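Next up: just one chain, as structure tokens, the form deposited in one PDB entry.
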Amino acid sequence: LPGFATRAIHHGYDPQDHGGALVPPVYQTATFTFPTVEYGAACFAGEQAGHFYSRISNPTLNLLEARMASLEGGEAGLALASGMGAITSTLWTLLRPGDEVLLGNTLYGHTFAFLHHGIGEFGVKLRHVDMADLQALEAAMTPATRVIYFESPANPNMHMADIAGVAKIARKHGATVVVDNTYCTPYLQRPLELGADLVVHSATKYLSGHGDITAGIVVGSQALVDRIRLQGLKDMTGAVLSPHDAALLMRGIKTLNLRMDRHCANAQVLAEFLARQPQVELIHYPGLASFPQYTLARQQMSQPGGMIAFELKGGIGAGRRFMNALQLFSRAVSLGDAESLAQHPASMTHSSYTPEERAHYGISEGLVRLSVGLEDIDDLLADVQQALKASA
């Protein structure tokens, strides 16, 4: 069993099989041909485990899937046009009218919109529960419960979930547990190893690393991934990942270990710094001693990650002033790029709302979120420091 860096570079590919090419060639093709109608016939039931149309089985995409499956330690992988691609295809195939999905207390905005305004409107029952509270979770189960879905750590406050805890509970009811592992990557956390059934990824973020691609991943067990490929992707979503973008995702995956180390090192520093700031009410970073779920965090993540959330003392106004003053962080939604990013939802995403609605969603008035990039930590410090000056 080769190491993670090795596998992330080499897994699933032998140059000697493809003309000696160091880097595998990109199958930017829509369709595939057949030597005979017989060899055609085989590929519409599926006996010679291989290549089928490119909206089902392109080699380039297969290489990506196998590598990601290796990295998350799962049976099988599926690549998709976007992270929503991955989550919609999974849920559309796993759920039907009357089934229930249990959801983590908070969710990526578009996931929430999919659940409450998408499948939810098609007769699927939604319940939100705190997924670190195993008793609340147990009590929430009903015969109807078929899926339990959550992120860990979860936007907005890095609130973790006890993956193995929930998974014990799901076994008692044959429920499928699905974990959005976008924030951690298989490099920092492997939820399948902790007993989840499927993981989903917005590969758009850390896995790509360079913010030039939109892509999605699903990893899990061959049977589940099979159904999602042939039902979710093929029939319900059509979220097909382009071969060019697959290749670039692979190119990005080759540095995962190296980039995530830096992202973390950079975040650790920025966070001990913020933790001492008198403009700072409160801070959420898994790697501080003050992080309420510190122990659970260290149990599931091998490093505390590249994301920080803090609340500024002066609410919306401070938030605004802080955001405007940054010259190195860019005001943008998104995360996991080489570039450092910030957002202040109160005055950005959730601006149109009001204080009382933002409290409902746990979006504090002065809540800012940092995606710490790979720039030099002294440059990142100077920027955060001056931006704090302006926030007075």
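Note that the rigid core is defined as the largest set of C-alphas that superpose within 1.5 Å between two forms. Sequential numbering from 1, following the sequence displayed.
Omitted here: the form deposited in another entry. The next part is about that form.
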item: After fitting the core, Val333 CA displacement of 2 Å or more between this form and the one not shown; value: no
item: Threshold 2 Å Cα movement between this form and the one not shown for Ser70, core superposed; value: no
item: Core-superposed C-alpha of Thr29 shifting 2 Å or more between this form and the one not shown; value: no
item: In that other deposited form, whether the C-alpha atoms of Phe52 and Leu230 sit closer or farther than here (change of 3 Å or more); value: closer
item: Shift in CA distance, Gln222 and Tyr53, in that other deposited form relative to the form shown here, given it is 3 Å or more; value: closer
